[PDB]
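Participant: Starting off with a structure, shown below.
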Amino acid sequence: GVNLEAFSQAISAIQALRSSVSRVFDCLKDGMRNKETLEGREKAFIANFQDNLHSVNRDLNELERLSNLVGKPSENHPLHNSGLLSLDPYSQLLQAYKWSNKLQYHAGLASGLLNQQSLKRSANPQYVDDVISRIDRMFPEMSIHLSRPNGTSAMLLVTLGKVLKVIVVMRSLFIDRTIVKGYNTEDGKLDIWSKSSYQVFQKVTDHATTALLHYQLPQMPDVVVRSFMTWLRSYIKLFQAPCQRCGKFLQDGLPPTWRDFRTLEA
Amino acid sequence: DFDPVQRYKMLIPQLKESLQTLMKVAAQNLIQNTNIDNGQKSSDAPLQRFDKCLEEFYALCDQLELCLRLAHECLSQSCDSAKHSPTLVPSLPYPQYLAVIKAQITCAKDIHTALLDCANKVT
Amino acid sequence: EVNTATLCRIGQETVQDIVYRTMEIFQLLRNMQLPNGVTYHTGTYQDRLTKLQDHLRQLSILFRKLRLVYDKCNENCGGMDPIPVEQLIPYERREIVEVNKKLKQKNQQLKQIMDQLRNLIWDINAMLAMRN
Amino acid sequence: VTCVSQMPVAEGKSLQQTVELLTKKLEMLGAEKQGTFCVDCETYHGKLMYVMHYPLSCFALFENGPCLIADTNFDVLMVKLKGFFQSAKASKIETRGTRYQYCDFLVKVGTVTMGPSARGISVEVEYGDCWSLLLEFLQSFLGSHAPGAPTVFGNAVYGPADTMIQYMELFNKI
Amino acid sequence: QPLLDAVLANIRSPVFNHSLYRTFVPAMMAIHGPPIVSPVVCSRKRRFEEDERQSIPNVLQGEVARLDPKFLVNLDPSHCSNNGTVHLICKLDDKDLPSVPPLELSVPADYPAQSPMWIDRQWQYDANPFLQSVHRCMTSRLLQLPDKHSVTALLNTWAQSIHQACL
């Protein structure tokens with residue numbers, strides 16, 4: 001429901017229109033303080049009209065208009081007002097909603113800025129792994145599956161849009177030893193280790209290994225595998241290469257910083 | 001029964017035209033005042049009050065602001081209800097929903113009291 | 001039984017743990033959704049409630065120990081109180097050194113033992129490479 | 001996978017001279033030697049006699065042609081139904097050329113089949129849409145040419161033989 | 001759209017900018033009631049006394065404060081007080097071999113010039129053959145310096161030429 005942001009923007013716009021009206025009528029209530037060469041400050045008056053032209057910005061709200069026109073009479077809210085009149089203590093529900101949203105955003109910002117850790121070091125479960133894999137499989141166009149043909153370690157494969165499927169061996173976490181193979185795969189009777197490529201997919205595997213060694217966290221493997229899955233899914237397009245042309249080399253793929261760009265650019 | 005979007009759509013052109021009219025009458029009052037003060041009397045005609053113009057402008061502005069704020073509040077209420085409760089109303093048993101809301105309120109109050117005792121122990 | 005340098009190191013580790021526990025309590029508060037959301041009615045709810053209760057009790061004990069070690073460091077100012085070597089930073093022990101040498105020798109022996117063990121482990125991994 | 005291919009019919013100097021100039025430009029681009037997968041273009045027809053080869057050849061009768069069997073099976077089917085088909089007598093031409101794999105991109109120069117023809121430049125994609133690098137290379141490779149636009153980007157999964165039949169359709173061009 | 005107020009403000013030529021007061025402020029103070037929008041006292045003297053009056057232009061001061069401590073600058077006979085503002089009498093007191101102090105008299109801080117002037121060089125350079133080679137190298141380097149600067153560029157080039165032309 002991003003229309004709330006649009007309505008807040010419209011409120012800010014109309015408040016700015018009122019403020020600009022007040023400001024221009026106040027400026028008209030004063031003359032040239034000290035010009036001594038030309039009363040060019042009257043041009044600021046015209047500039048004030050530009051702020052009044054910002055009223056047309058409120059007309060932009062007509063594009064954001066038609067945000068809500070439905071039934072759903074306030075979404076299951078009325079309990080005491082439209083219900084038991086004696087049930088007056090209702091608003092506690094809305095208070096709790098606001099409290100929870102505030103706590104959520106507060107803790108989110110706190111965790112986001114707490115990246116500057118201060119802990120030096122630490123000095124003085126296959127079912128869980130399969131469950132984490134299945135939970136990560138919950139994203140669209142990211143059909144993954146595992147079989148564990150050899151060993152107690154995890155053998156996971158991912159196929160997003162093309163025949164560029166990737167295999168990643170895990171040890172219940174921090175899945176290292178990545179191998180991407182475009183257009184064949186599981187030869188013999190299980191996953192293979194051919195690692196054949198077109199001198200570019202091998203580079204992609206190198207990038208994946210670099211990320212795995214880079215996105216390795218000291219604990220909490222959930223966030224680790226989540227960042228891993230997002231980093232891999234970011235390859236769904238492979239069609240744009242900023243900071244250079246589209247043919248800087250054999251192929252231009254390296255989104256390590258949440259944005260794809262031309263390869264060989266570190 | 002008018003809608004917030006409908007009232008906004010019918011108020012915006014009234015607001016614009018009232019702004020135009022008040023600015024025109026303000027310019028007329030200004031040129032009349034200057035002609036009577038700076039130069040000789042030429043605008044031998046009574047002007048307007050000029051106060052009702054911007055007064056009603058600000059009135060319609062306040063009306064628009066508060067109705068848009070009410071609409072925003074309604075959307076926020078719907079969003080928070082959908083987030084804190086599943087969409088089920090006559091489907092869900094109403095007394096069960098009331099009990100679930102009461103338990104949610106009690107749980108939030110307990111979390112708040114725990115954090116408050118934590119802060120007090122920090123003191 | 002002075003253990004003063006170890007006490008200062010323990011205080012540093014304790015404030016580091018306080019910071020890490022602050023990070024942890026924030027990371028566990030951010031994922032505290034509505035009670036009757038889907039299924040976490042009271043089980044995981046009360047579970048994390050008790051978890052944060054233990055968190056705050058441990059943090060209070062840690063603050064107690066921090067106050068105690070700070071008071072101990074303050075009262076430790078006995079003899080050579082000024083000690084201006086802070087701004088003047090530069091620009092028997094035999095028995096302890098011998099015990100350290102013997103410990104390092106035993107550590108080198110155990111290191112060779114671990115080297116043999118990991119060689120055998122790599123060999124076993126090689127065998128498994130031959131597996132079907 | 002099935003990448004575009006066109007034939008810029010140049011003139012002025014010569015056909016062989018234009019071919020040599022294109023080959024020199026490709027070598028300057030860094031075209032590595034990758035053999036000569038000379039792809040013929042024979043006609044007997046609404047079937048066809050496509051002998052283009054990509055280590056396997058086939059003729060596309062219609063519906064882009066199944067032609068999923070090996071070349072020996074297709075030739076045996078042709079010799080068996082000698083006359084039982086409606087496609088022996090038309091002009092049997094054969095185009096040739098060399099194939100160079102610059103870097104994960106093979107380029108083939110289909111020369112004059114019967115002698116009157118152009119030198120079709122055929123490229124091969126890796127995975128395949130996917131015209132960003134394609135166009136970036138085509139503009140840096142030739143001038144106002146290489147339009148391509150085959151029966152691609154419609155989604156039946158990277159069909160090469162349909163493109164080959166489209167290229168062989170240039171017989172009536174001269 | 002409301003260009004009427006614009007043409008009216010254009011009309012507002014006469015000096016009596018007080019009719020607009022009676023025209024606008026009644027309703028303004030009526031509907032808006034901040035008679036004291038800034039009751040904080042505002043009384044500060046703009047210019048009482050602010051001047052260095054005791055040194056050269058501090059621009060060269062802030063420049064020379066950055067240079068390496070191996071450069072020791074002193075004060076020559078008083079002929080570069082304010083306008084010239086610079087008598088770069090420097091010694092390269094460091095682990096490298098010493099030499100003759102440079103002159104390097106730059107110009108007012110506008111910098112339509114540089115420092116090197118080399119007055120006392122005539123006898124300081126031609127006497128010693130090695131120092132003559134040093135001077136040749138320093139001149140060749142300065143000529144290749146596009147628009148050298150007051151202290152940093154000149155002294156840096158001089159030091160690098162002195163410790164490169166050793167051979």
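Participant: Exposed (fewer than 11 other Cβ atoms within 10 Å of the Cβ) and in contact with a helix residue (DSSP H, G or I) (Cβ under 8 Å, 6 or more places away or on another chain): which single residue out of E:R53, E:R47, E:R66 fits that description?
Facilitator: One residue alone meets the criteria, E:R66.
Participant: Suppose we keep only residues that are aromatic (F, W, Y) and either touching a strand residue (DSSP E or B) at 6+ places or on another chain (Cβ under 6 Å) or within 19 Å of D:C103 (Cα to Cα) (or both) within region A:234-250. Which one would you say is surrounded by the most Cβ atoms within 10 Å (Cβ to Cβ)?
Facilitator: My answer is A:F249.
Participant: Could you tell me which of the residues E:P112, E:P98 is farther than 25 Å from E:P69 by Cβ and exposed (fewer than 15 other Cβ atoms within 10 Å of the Cβ)?
Facilitator: E:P112
Participant: Okay, next question. What tally of residues in region A:136-157 results from selecting those that are surrounded by 12 or more Cβ atoms within 10 Å (Cβ to Cβ) and outside any strand (DSSP E or B)?
Facilitator: Total meeting the criteria: 8.
Participant: Further question: Quick test of your reading of the structure: A:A13 fulfils all but one of (1) more than 14 Å from chain C (Cβ to nearest Cβ); (2) surrounded by 15 or more Cβ atoms within 10 Å (Cβ to Cβ); (3) farther than 22 Å from B:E73 by Cβ; (4) within 34 Å of the chain's Cα centre (by Cα). Name the failing condition by number.
Facilitator: The number of the failed condition is (3).
Participant: Just one of the numbered conditions (1) out of contact with any helix residue (DSSP H, G or I) (no Cβ under 8 Å at 6 or more places or on another chain); (2) more than 11 Å from every other protein chain (Cβ to nearest Cβ); (3) assigned to a helix (DSSP H, G or I) is not true of B:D1; which one?
Facilitator: (3)
Participant: Do we have E:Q144 as over 26 Å from the mean Cα position of the chain (by Cα), over 20 Å from E:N58 (Cβ atoms) and among the polar types (S, T, N, Q) here?
Facilitator: No, not satisfied.
Participant: Take region A:50-71 and flag every residue that is facing chain B (nearest Cβ under 7 Å) and not polar (S, T, N, Q).
Facilitator: Scanning region A:50-71 gives A:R65, A:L66, A:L69.
Participant: Still on this model: On the basis of being more than 14 Å from chain B (Cβ to nearest Cβ), more than 30 Å from B:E55 (Cβ to Cβ) and hydroxyl-bearing (S, T, Y), does E:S13 make the cut?
Facilitator: Taking the combined requirement at face value, the residue does not satisfy it.
Participant: Filter region A:199-220 down to residues that are part of a helix (DSSP H, G or I) and within 14 Å of another protein chain (Cβ to nearest Cβ) and give me whichever is farthest from D:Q101 (Cα to Cα).
Facilitator: Per the criteria, the residue is A:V204.
Participant: Have a look at C:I83, C:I61 and point out the one that is loosely packed, with under 15 Cβ neighbours inside 10 Å, at positive phi and not hydroxyl-bearing (S, T, Y).
Facilitator: Exactly one of C:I83, C:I61 is loosely packed, with under 15 Cβ neighbours inside 10 Å, at positive phi and not hydroxyl-bearing (S, T, Y), namely C:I83.
Participant: Looking at region E:81-102 only, could you name the residues that are part of a loop (DSSP other than H, G, I, E, B) and closer than 13 Å to E:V151 by Cβ?
Facilitator: E:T85, E:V86, E:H87, E:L88, E:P102, listed by residue number.
Participant: Another question, then. Find the residue count for region B:77-123, including only residues that are under 19 Å from A:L94 (Cα atoms), of a type outside the set (A, V, I, L, M, F, W, C) and out of contact with any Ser or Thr (no Cβ under 9 Å at 6 or more places or on another chain).
Facilitator: So the answer is 11.
Participant: What pairs can you find where one residue is in region A:62-88 and charged (D, E, K, R), the other is in a loop (DSSP other than H, G, I, E, B), and their Cβ atoms are less than 7 Å apart, with a gap of 6+ or different chains?
Facilitator: That search, which allows pairs on different chains as well, returns A:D88/A:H80.
Participant: Can you name the residue in region E:16-26 that is more than 8 Å from chain B (Cβ to nearest Cβ) and within 48 Å of the chain's Cα centre (by Cα) and, of all such residues, is surrounded by the fewest Cβ atoms within 10 Å (Cβ to Cβ)?
Facilitator: It comes out as E:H18.
Participant: Which residue pairs have Cβ atoms closer than 7 Å, lie 6 or more positions apart in sequence or on different chains, and pair a first residue in region B:20-33 that is assigned to a helix (DSSP H, G or I) with a second residue that is surrounded by fewer than 18 Cβ atoms within 10 Å (Cβ to Cβ) and among the small types (G, A, S)?
Facilitator: B:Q32/B:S43; B:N33/E:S19
Participant: Looking only at region A:222-266, count how many residues are basic (K, R) and under 27 Å from A:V131 (Cα atoms).
Facilitator: 2
Participant: Sticking with this one: State all residues of region E:120-148 that are surrounded by 15 or more Cβ atoms within 10 Å (Cβ to Cβ) and either touching a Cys at 6+ places or on another chain (Cβ under 9 Å) or at positive phi (or both); if no residue qualifies, say none.
Facilitator: E:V134
Participant: A further question on this structure: Among the listed residues A:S74, A:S118, A:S133, A:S122, which satisfies the condition of being away from every other protein chain (no Cβ under 13 Å) and either within 24 Å of the chain's Cα centre (by Cα) or surrounded by fewer than 16 Cβ atoms within 10 Å (Cβ to Cβ) (or both)?
Facilitator: A:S133
Participant: Filter region B:4-60 down to residues that are more than 8 Å from every other protein chain (Cβ to nearest Cβ), among the charged types (D, E, K, R) and under 30 Å from the mean Cα position of the chain (by Cα), then give me how many there are.
Facilitator: Residues meeting the conditions: 5.
Table: residues versus (1) in a helix (DSSP H, G or I); (2) touching a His at 6+ places or on another chain (Cβ under 6 Å); (3) within 14 Å of chain E (Cβ to nearest Cβ).
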residue	(1), (2), (3)
B:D62	yes, no, yes
B:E73	yes, no, no
B:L88	no, no, no
B:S91	no, no, no
B:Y97	yes, no, no
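Here is a yes/no grid of residues against (1) under 14 Å from C:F26 (Cα atoms); (2) assigned to a loop (DSSP other than H, G, I, E, B); (3) touching a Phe, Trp or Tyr at 6+ places or on another chain (Cβ under 6 Å):
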{"site": "A:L94", "(1), (2), (3)": "no, no, no"}
{"site": "A:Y97", "(1), (2), (3)": "no, no, no"}
{"site": "A:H106", "(1), (2), (3)": "yes, no, no"}
{"site": "A:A110", "(1), (2), (3)": "yes, no, yes"}
{"site": "A:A123", "(1), (2), (3)": "no, yes, no"}
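Participant: OK, next. Please indicate, with yes or no, whether at least one residue in region C:68-76 is surrounded by fewer than 15 Cβ atoms within 10 Å (Cβ to Cβ), more than 12 Å from chain A (Cβ to nearest Cβ), out of contact with any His (no Cβ under 7 Å at 6 or more places or on another chain) and of a type in the set (A, V, I, L, M).
Facilitator: Yes, there is a match, as at least one residue in region C:68-76 is surrounded by fewer than 15 Cβ atoms within 10 Å (Cβ to Cβ), more than 12 Å from chain A (Cβ to nearest Cβ), out of contact with any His (no Cβ under 7 Å at 6 or more places or on another chain) and of a type in the set (A, V, I, L, M).
Participant: Hey, any hits in region A:177-184 for a residue that's within 14 Å of chain C (Cβ to nearest Cβ), part of a helix (DSSP H, G or I) and in contact with a helix residue (DSSP H, G or I) (Cβ under 9 Å, 6 or more places away or on another chain)?
Facilitator: No, region A:177-184 has no match at all.
Participant: Next question, about the same structure. In the list C:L88, C:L66, C:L7, C:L34, which residue meets the criterion of being in contact with a helix residue (DSSP H, G or I) (Cβ under 7 Å, 6 or more places away or on another chain), in a loop (DSSP other than H, G, I, E, B) and among the aliphatic types (A, V, I, L, M)?
Facilitator: Result: C:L34 is the single residue among C:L88, C:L66, C:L7, C:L34 that is in contact with a helix residue (DSSP H, G or I) (Cβ under 7 Å, 6 or more places away or on another chain), in a loop (DSSP other than H, G, I, E, B) and among the aliphatic types (A, V, I, L, M).
Participant: Where residues in region A:30-49 are under 30 Å from B:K16 (Cβ atoms) and acidic (D, E), which of them is farthest from the other protein chains (Cβ to nearest Cβ)?
Facilitator: Only one residue fits best here, namely A:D30.
Participant: When you scan region D:97-153 for strands (runs of 3 or more DSSP E) that lie fully inside it, which ones turn up with 3 or more residues that are of a type outside the set (A, V, I, L, M, F, W, C)?
Facilitator: Ranges flagged: D:99-101.
Participant: Still on this structure: Go through (1) among the charged types (D, E, K, R); (2) part of a loop (DSSP other than H, G, I, E, B); (3) touching a helix residue (DSSP H, G or I) at 6+ places or on another chain (Cβ under 6 Å) one by one and return the number of the condition B:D44 breaks.
Facilitator: Unmet for B:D44, out of (1) among the charged types (D, E, K, R); (2) part of a loop (DSSP other than H, G, I, E, B); (3) touching a helix residue (DSSP H, G or I) at 6+ places or on another chain (Cβ under 6 Å): (3).
The numbers here are math on the coordinates, done by the rules we state, and not lab data. Here Cβ is always computed from backbone atoms with ideal geometry, including for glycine, and neighbour counts include all displayed protein chains.
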